[PDB]
Amino acid sequence: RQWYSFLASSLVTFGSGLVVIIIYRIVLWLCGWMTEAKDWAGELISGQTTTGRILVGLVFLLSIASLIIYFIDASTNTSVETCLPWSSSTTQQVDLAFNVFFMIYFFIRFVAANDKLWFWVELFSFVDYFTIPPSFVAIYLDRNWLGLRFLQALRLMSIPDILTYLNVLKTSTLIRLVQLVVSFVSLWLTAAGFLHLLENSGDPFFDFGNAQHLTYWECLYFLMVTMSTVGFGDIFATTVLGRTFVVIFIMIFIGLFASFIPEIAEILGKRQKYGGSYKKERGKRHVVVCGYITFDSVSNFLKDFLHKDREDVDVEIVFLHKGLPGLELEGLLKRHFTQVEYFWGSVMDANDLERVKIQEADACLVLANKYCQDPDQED
Amino acid sequence: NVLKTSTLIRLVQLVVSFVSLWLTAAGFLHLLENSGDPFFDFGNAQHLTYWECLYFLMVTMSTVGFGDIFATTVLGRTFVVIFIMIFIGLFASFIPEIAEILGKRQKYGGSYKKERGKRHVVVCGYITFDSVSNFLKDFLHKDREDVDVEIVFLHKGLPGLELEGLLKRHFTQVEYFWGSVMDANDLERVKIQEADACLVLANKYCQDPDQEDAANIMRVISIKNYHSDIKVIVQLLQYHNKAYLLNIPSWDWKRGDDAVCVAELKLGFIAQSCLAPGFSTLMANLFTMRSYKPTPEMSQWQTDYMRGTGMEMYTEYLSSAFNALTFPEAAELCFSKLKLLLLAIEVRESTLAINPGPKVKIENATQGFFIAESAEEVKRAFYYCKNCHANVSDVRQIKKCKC
Ligand SMILES: [K+]
């Protein structure tokens, strides 16, 4: 019915701002407090001031809140355009409040930006043009359009920066993890929104006659079923715009999914198994063992050390070495689990010595790699 | 001759060969299904559009395989079998190779933009999260004066993730660029003619410090060749290398150029300890920014020692109230009234003098050298007034005098 008025609000706001920048650039080409404002705004969005850390916390929360409002509106609706007076639609009211906050944040970024022209073409500036002006048209008429609002899922891509500005991503692997997860999820969610718009709206060059009423969730499922190349065909696109989007999506997202899953599996596979600390039993003796620890040296040692013809002395053996134990050693450790323990670490670190409670060990044994390339270096 | 570059040649061969093969294969399948099987007298046929075939071949190249569309002529199905065997290898090699080529572009290209009258310092050589954090922790230290200098890193590598985080945290005043000071275009990119100074950093842990110092000499040669009047400060891992850069035609320590020879300094510091046992620790603490930060588990000697570490050396102009005192009275006055340890002065050419004897008068606008807990402390020596402040026993009250 009237959806093009919502779309036009984003285009006139984009275009008029771009024209104002271009004529100003040309006037200044043909022919202080500005810098103080830029620096202050820069410090603010960087979370360098405490009010900046507050603003960053609000950008983080209100992105998620807006996205949930989009999921609600996308889930509990039929036609993409929908007639409804604004005073009755509670989600459309809190959506306006969030769009006002994001408009203020957009101008704060604009002040902070070093080039205004490139800033007017940065991805989040498009998210803002395609969301805030439509949210005002949604007051000026007794109706709404579930149009480009799905682009709110891209605001999640700010989260790794926020969790850097709030200095909580302290470690390189954890930084890489949160970039991977958030970029993958935000791309998957936004792509599902775009396909949901295309199929429910139908082909414009067939006067919207060719259309298909998917839920957002069916699109979200279907994009996972295609990213993975599983391809059931229980759900499939049938608008020409839908099918052309699926072709583009396949070319892009197979590379994403097929690189993302292994890199997540490597990162979640990296955690050390034999962490933790030894627990001291009541009056029971233990001997710490370190240096060249291997299935060979440990079996040669334990065969004599735990030999059945010794007296029944209740000493526990506590290995301490930097490596992950090899499978033959893991078997040997499980066979002797009652009285033998292993820990990742080195006797060169006072924390690892505390982990094995070496102050309360009966003795410590240091073993040499007899077959090393330089016995002076090994000693 | 427009494909001027090997990667761009490879890109256009990949894209065009893939697209032309995909389009022509879609045409062949479109012919087969719409024509039907000839050995069934064309009775078995299926009216696909070209676009449905084009879509269906992408859905099969990718192995997605919906089965919303599928071939049903025997010639169609046999063509789909051949197409699968051929084009899975094409698609599965094409997509990664495009992703590598489009992934190759340099992030930190472009050029620094000079703000109105704002100072910047170019930094180059061994740039890493370690060396940059060790540097910036002292260089941007909160206990320094609020000086608006911007730091502009210039190095060949892409920055590691920890460094990208550090650069984003300091985004307001720290910048990074891909390049090398060995190239006059990169020196222009960072506008080094208009930089306040340039710092050259050494990899202290390199496999040959003679080779690392040779590389750093080159740099200084390249920087000075591009513009002679840049203040250059260079780190040297060896003393014997210094003599080479002393021979550079526009190297000028009277102009403020300098070499931080860590070997010369190290051995000087520990040699003074042979004259006065703990002096290397006394002196090393004066030359690093360090805040005093007690915690109640510290022993007496630790709380004392750490108060000592809370010092740095600072420089400030003496107020006119010091004029024509001897250095002895100026030191007595600083210590007793201002709670400042004056130890040396700039004497008019002009030269530094340490603890100079009674014969040396203080003169107007003498720079003094002080030990103190902050730059905020030494200010008292600039504001002091021999009428207006002479009995201000609450020393923190000293400010701009009426007298
Ligand atoms: K499949």
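Participant: Go over the overall build of chain A, please, and point to the residues and values.
Facilitator: Scanning chain A for helices and strands turns up 15 helices and six strands. A compact globule built from 379 residues should have a C-alpha radius of gyration of about 21 Å, whereas chain A, at 31 Å, is more than 25% larger. With the principal axes as the frame, chain A shows a C-alpha extent of 95 × 65 × 45 Å.

Participant: Lay out the environment of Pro159(B) with the relevant residues and their values.
Facilitator: Residues and elements named next belong to chain B. As for its position among the elements, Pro 159 is in the loop between β2 (150-155) and α5 (161-169). Looking at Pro 159, the relative accessible area reads 7%, which means it is buried. It is 43 Å that separates the C-alpha atoms of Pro 159 and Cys 274, two residues lying 115 residues apart in sequence. Those residues within four positions of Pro 159 in sequence are excluded, and the remaining contacts are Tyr 108, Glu 164, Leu 167 and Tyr 176.

Participant: Tell me about the UniProt feature "transmembrane region" (unreviewed entry) in chain A, and please be specific about residues and values.
Facilitator: Residue and element names in this part refer to chain A. Summarizing the sequence annotation, UniProt attributes the feature "transmembrane region" (unreviewed entry) to residues 3-27, 54-72, 92-112, 119-141, 177-198, 219-239 and 245-265 in the numbering used throughout. For residues 177-198, the end-to-end C-alpha separation is 32 Å, with 100% helix and 0% strand making up the annotated structure. End-to-end, the C-alpha atoms of residues 219-239 are 13 Å apart, and along that stretch the chain is 43% helix and 0% strand.

Participant: Quick one: what's the story with the pairing of strand β3 (residues 286-291) of chain A, residue by residue and with numbers?
Facilitator: Residues and elements named next belong to chain A. Here β3 lies mainly inside the structure; five of its six residues are buried. As defined by bridge partners, β3 adjoins strand β4 (residues 316-321) across four bridges and the pair is classed as parallel. Bridge pairing in β4 places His 286 opposite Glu 316. Read from β3 through helix α12 (residues 295-305) to β4, the crossover connection turns out right-handed. The pairing of β3 with strand β6 (residues 363-367) spans five bridges and is parallel. The residue of β6 that forms the bridge with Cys 290 is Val 366.

Participant: Explain the pairing of β2(B) to me, and be specific about the residues and the numbers.
Facilitator: All names here are of chain B. Most of β2 sits out of view: five of its six residues are buried. Here four bridges tie strand β1 (residues 120-125) to β2, and the two strands are oriented parallel to one another. The partner of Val 123 across the bridge, within β2, is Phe 153. Once the chain exits β1 it traverses helix α4 (residues 129-139) before rejoining the sheet at β2, and the crossover so formed is right-handed. Of the pairings in the sheet, the one linking β2 to strand β3 (residues 174-178) comprises five bridges and is parallel in character.

Participant: An account of the coordination of the potassium ion is needed here, citing residue identities and associated values.
Facilitator: Donor atoms from the polypeptide that coordinate the potassium ion comprise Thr229(A) (O), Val230(A) (O), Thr63(B) (O) and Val64(B) (O), at 2.6 to 3.0 Å from the metal. Here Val230(A), found in the loop between α10 (216-227) and α11 (240-269), pairs with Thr63(B), found in the loop between α2 (50-61) and α3 (74-103), and the two come from separate chains. Take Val230(A): its relative accessible area is 44%, and that puts it in the partly exposed class. Since its relative accessible area comes to 43%, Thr63(B) is described here as partly exposed.

Participant: Tell me what's going on with the pattern of salt bridges, and back it up with residues and numbers.
Facilitator: One pass over the full model with this rule turns up 26 salt bridges over all chains. Put simply, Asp138(B) and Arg144(B) hold a salt bridge, and the shortest N to O gap is 2.7 Å. With relative accessibility at 23%, the residue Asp138(B) sits in the partly exposed group. A relative accessible area of 36% places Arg144(B) in the partly exposed class. Salt bridges sharing common partners tie together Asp39(A), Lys118(B) and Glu150(B).

Participant: Describe the sheet that holds strand β5 (residues 340-344) of chain A, and please don't skip the residues or the numbers.
Facilitator: Residues and elements named next belong to chain A. On the basis of which strands lie adjacent, the open sheet formed by four strands has the order β5-β4-β3-β6 and parallel pairing. In the strand order of this sheet, the two ends are held by β5 and β6, each with one partner. Averaged over all pairs of adjacent strands, the angle between strand axes in this sheet comes to 20°, irrespective of strand direction. Running over the sheet, α12 touches β3, β4, β5 and β6 and is turned about 165° from β4.

Participant: So what's going on with the side chain of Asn203(B)? Which residues, and what values?
Facilitator: All names here are of chain B. Looking at the element boundaries, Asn 203 is found in the loop between β4 (197-201) and α7 (209-226). With a relative accessible area of 18%, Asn 203 lands in the buried category. Ignoring anything within four residues of it in the chain, the contact list for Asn 203 reads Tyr 126, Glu 212 and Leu 237.

Participant: Run through the interface of chain A and chain B, naming residues and quoting values.
Facilitator: Taken residue by residue, the interface counts 27 residues in chain A and 23 residues in chain B. If you sort the residues of chain A by the area they bury against chain B, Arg243(A), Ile250(A) and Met251(A) come out on top, with a joint share of 22%. The interface formed by chain A and chain B contains three salt bridges. The residue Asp68(B) makes a salt bridge to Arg243(A) at a minimum N-O spacing of 3.4 Å. Taken together, the links from chain A to chain B amount to two residue pairs in polar contact. Of all the secondary structure elements, the ones that give two or more residues to the side of chain A that touches chain B are α2 (33-45), α8 (159-165), α9 (172-201), α10 and α11 of chain A. At five residues, α11(A) tops the list of elements feeding residues into the side of chain A that touches chain B. Considering only residue class, the side of chain A that touches chain B consists of ten nonpolar, eleven polar and six charged.

Participant: Before we move on, could you go through the sheet that holds strand β10 (residues 367-372) of chain B and cite the residues and values that matter?
Facilitator: Backbone-to-backbone hydrogen bonds pair the strands of a sheet. The strands run either parallel or antiparallel. Residues and elements named next belong to chain B. Sheet architecture is open: four strands sit in the order β7-β10-β8-β9, paired in antiparallel fashion. Only two strands of the sheet have a single neighbouring strand rather than two, namely β7 (312-317) and β9 (351-354). Mean inter-strand twist for the sheet, computed between neighbouring axes without regard to direction, equals 30°. Pairing geometry for strand β8 (residues 341-347) and β9, over four bridges, is antiparallel.

Participant: Tell me what's going on with the packing of helix α1 (residues 6-35) of chain B against α2(B), and back it up with residues and numbers.
Facilitator: All names here are of chain B. For the pair α1 and α2, the least separation of the axes is 8 Å and the interaxial angle reads 120°. When the interaxial angle is binned, α1 and α2 end up oblique. Viewed along their axes, α1 and α2 form a crossing whose handedness is right-handed. Together, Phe 18, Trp 22, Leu 23, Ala 25, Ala 26, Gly 27, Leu 29 and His 30 of α1 and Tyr 50, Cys 53, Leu 54, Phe 56, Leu 57, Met 58 and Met 61 of α2 make up the contact between the two elements. Within the contact of α1 with α2, the residues separate by chemical class into 13 nonpolar, two polar and no charged.

Participant: Just give me the short version of the side chain of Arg219(B), but keep the residues and values in it.
Facilitator: Within the secondary structure, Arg219(B) is located in helix α7. With near-sequence residues (within four places) excluded, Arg219(B) lies in contact with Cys124(B), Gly125(B), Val181(B), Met182(B) and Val200(B).

Participant: Before we move on, can you summarise the packing of α2(B) against α3(B) with the specific residues and values?
Facilitator: Residue and element names in this part refer to chain B. Contact pair α2 / α3: the axes reach a minimum separation of 9 Å and the direction vectors enclose 65°. Judged by the twist between their axes, the crossing of α2 over α3 is right-handed. Seen from α2, the contacting residues are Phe 56, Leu 57, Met 58, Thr 60 and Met 61; seen from α3, they are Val 80, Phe 83, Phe 87, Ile 88 and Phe 91. Grouping the constituent residues of the contact of α2 with α3 by class yields nine nonpolar, one polar and no charged.

Participant: Any chance you could break down the packing of aromatic side chains for me, citing the residues and the numbers?
Facilitator: Counting across every chain of the model gives 43 aromatic pairs over all chains. With centroids separated by 6.4 Å and ring planes inclined at 50°, the aromatic side chains of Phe6(A) and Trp145(A) adopt a geometry described as tilted. The pair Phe6(A) / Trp145(A) is uniform in exposure class, with both members buried. Between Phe39(B) and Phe40(B), the ring centres sit 5.2 Å apart and the planes meet at 85°, which makes this aromatic pair edge-to-face. The class for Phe39(B) is partly exposed, based on a relative accessible area of 46%. A residue is classified by how much of its surface remains accessible, and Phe40(B), at 48% relative accessible area, is partly exposed. Three or more aromatic residues joined by ring pairs make a cluster, and in this case those are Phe14(A), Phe106(A), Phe107(A), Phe110(A), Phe119(A), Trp120(A), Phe126(A), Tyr129(A) and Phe130(A). The ring of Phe110(A) carries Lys116(A) above its face, with NZ or CZ at 5.0 Å from the centroid.

About the cut-offs
Residues numbered from 1 in each chain as written, not as in the entry; some residues may be left out. Chains lettered and ligands numbered in written order. Part of a larger assembly, values for the part shown. Heavy atoms only, no water. Residues with missing side-chain atoms left out of burial classes, pairs and counts. Helix = DSSP H or I, 4+ residues; strand = E, 2+ residues; numbered from the N terminus. Rg over C-alpha atoms; globule rule 2.2 N^0.38 Å. Buried < 20%, exposed > 50% of the residue type's maximum accessible area, 1.4 Å probe, protein only. Contact = heavy atoms within 4.5 Å. UniProt positions renumbered as here; feature names shortened; annotations may be inferred. Pairing = 2+ DSSP bridges. Right-handed = clockwise from strand over helix to strand, strands pointing away. Donors = N, O, S within 2.8 Å, 3.2 Å for Na, K, Ca; no water. Salt bridge = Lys/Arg side-chain N within 4 Å of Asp/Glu carboxyl O. Axes fitted to C-alpha atoms, helices over the stretch in contact; angles between N-to-C directions. Buried area = accessible area lost by both parts, 1.4 Å probe. Polar contact = N/O pair within 3.5 Å; in protein donor to acceptor, adjacent residues only side chain to side chain. Nonpolar A, V, L, I, M, F, W, Y, C, P; charged D, E, K, R; others polar. Parallel < 35°, antiparallel > 145°, perpendicular 65-115°, else oblique. Left-handed = near helix turned anticlockwise from the far one by under 90°. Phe/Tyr/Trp six-rings, centres within 6.5 Å; stacked < 30°, edge-to-face > 60°. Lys NZ or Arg CZ within 6 Å of the ring centre and 35° of its normal.

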